[PDB]
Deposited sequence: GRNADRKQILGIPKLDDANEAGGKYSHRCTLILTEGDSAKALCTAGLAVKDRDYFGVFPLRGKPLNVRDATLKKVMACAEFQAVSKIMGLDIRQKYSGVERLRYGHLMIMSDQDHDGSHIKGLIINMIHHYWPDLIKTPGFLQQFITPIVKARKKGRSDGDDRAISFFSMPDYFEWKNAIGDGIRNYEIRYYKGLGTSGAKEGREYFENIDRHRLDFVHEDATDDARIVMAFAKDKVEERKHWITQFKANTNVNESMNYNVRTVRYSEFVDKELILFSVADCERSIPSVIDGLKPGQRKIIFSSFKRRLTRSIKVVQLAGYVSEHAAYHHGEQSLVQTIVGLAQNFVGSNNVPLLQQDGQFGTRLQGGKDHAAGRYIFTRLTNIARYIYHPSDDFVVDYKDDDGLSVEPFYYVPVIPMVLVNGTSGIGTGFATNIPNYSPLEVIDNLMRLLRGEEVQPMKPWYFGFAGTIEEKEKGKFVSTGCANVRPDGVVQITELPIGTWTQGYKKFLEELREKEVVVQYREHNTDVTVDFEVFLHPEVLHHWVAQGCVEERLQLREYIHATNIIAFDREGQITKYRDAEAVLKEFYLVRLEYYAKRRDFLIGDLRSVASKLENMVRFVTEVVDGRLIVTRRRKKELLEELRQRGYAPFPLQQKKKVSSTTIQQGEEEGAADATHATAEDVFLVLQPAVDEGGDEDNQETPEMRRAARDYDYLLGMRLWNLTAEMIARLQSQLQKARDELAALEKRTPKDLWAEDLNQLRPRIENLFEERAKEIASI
């Protein structure tokens, strides 16, 4: 065959072809597992072929693209499968079965689904043949019993409860985490680790087409929404069987990947952050990150403490995106950058490696994400360890301020940038009880004009003034247009003899082109008014697909920035009520604690209560009989009054007694002051504290750019 990375079976193509099998390995980890496993069986009858990335989607793919596909052509040649032929069986194939050994995660499900879509689309009569298609399943968590899915381990862990302490848990998350002993064990018990997809009814083809057809996007939207809106009716897939159905496989395993794709691509409507960005922000807050550290070190910290399950390179890219601030990017970045994080020249693609760029938290990160609100959000628990919250609750809607664009499965978003000051003013208007003024997208550092061509369709026109010498000077490019891309466009246009010459004086922050064209062409353009039209100085901004996650976790669509603002306003008012209640409770507890401390210190110094040479039980009994309030048999009493008898001897002094009394009175006064403030007042105070800081940030950045 000559395929570079094919371990073709020795008995492939002969009288034993229908007894052979091909393993569509998902890289090199599965191949390492196979090297040790297949030796424990009839290796002459087993083939292996790794897959580089995610296979091609051959439904929407053109004939040219499919033919120019090394992976697809290689697998077809190995299996002896021809597009033109119509195989009713494995008679003409070089193999009798085709097994897919991918990871036991969402991307493994996607790879299996893509292979199934390939086979079904081109040879639909081969999926109907029992046993032709197969999957290899491996455990992900072991308690040496083996669990093939995370929920089962959680279900088993919950059922066992305190009995898990006697069990040692090993997590085989990636498919490369298993060595040779695991490979031998798995391939000895092949029946337990080999399920063959079975075609029962006509709904299997319908499910495959729906999952992998370009015309069934709305059916996928319904798929994901119905899955996410079920009350325990998810019906997770079990692996104790060996006759997985195609429709069952789709609806129970591919839906998990599609939901995960939507979750990681679509941003929350409250904090505006995706789960990875939220993990980075949460880790940065946990560190109290205020001094720049290498982005790679931050990525390692996030992986260790935020339970990030993906590779560092993705984490580095996420941090870089969080820190970038060029035009067409974050309006108010939450991470400060120190290095080459990318510029408008290449649209943020021209950034140094993570080993060269440093980052920290911006001075305004904690004026938007208030520290107090860290006490009222709900925190996820990914395998016991506490992890990022379900969503942060900033002072202003950061989904609108920073803008986002992501592609899920069934859903995709595009949220432009809006002025933080316009948003703050609208929030104050709502707080006062007024109405909301319309908001159009706003990008910082953009000297052009953004006009609303239609509802949710704006046009940003990069400014270019025609100098009175036959040349045209381009000073600002439209949003989303990069200086190198414009240089390429100008070179291509000159190759067509449309511009005589052009000179570039572009800094990494400002754009300056000078284009000289034929005088006749320039005059015609000026007369027709298409100077900016023909120079690509108008680009679109689409606000017609504002798709996000509401607080309940459902993917919703918003008509424009006003709907987002109103929903955020309601959720944020509720959470400000929660924060005020939490602060009131904490202050009340602190005041009670300090009142008890002052009473104890007075009763000790005054001699009414004596502690010197007192048995622990007797002293605690006396303290209880005196009515002192506990503030966590023998252990319970010791922990209750650890704050009364755990106070250093410094506190039994005139100066320290006076300081403690002052502390109690300060706590009481602060509680009284807080009891007279409503959530609207707290929100207004936060907004008035945040607005001047945003104004100063914009002024400082403008001065830096002008310098």
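- Taking the first deposited residue as 1, the stretches without any C-alpha atom are 1-9, 154-164, 653-703, 779.
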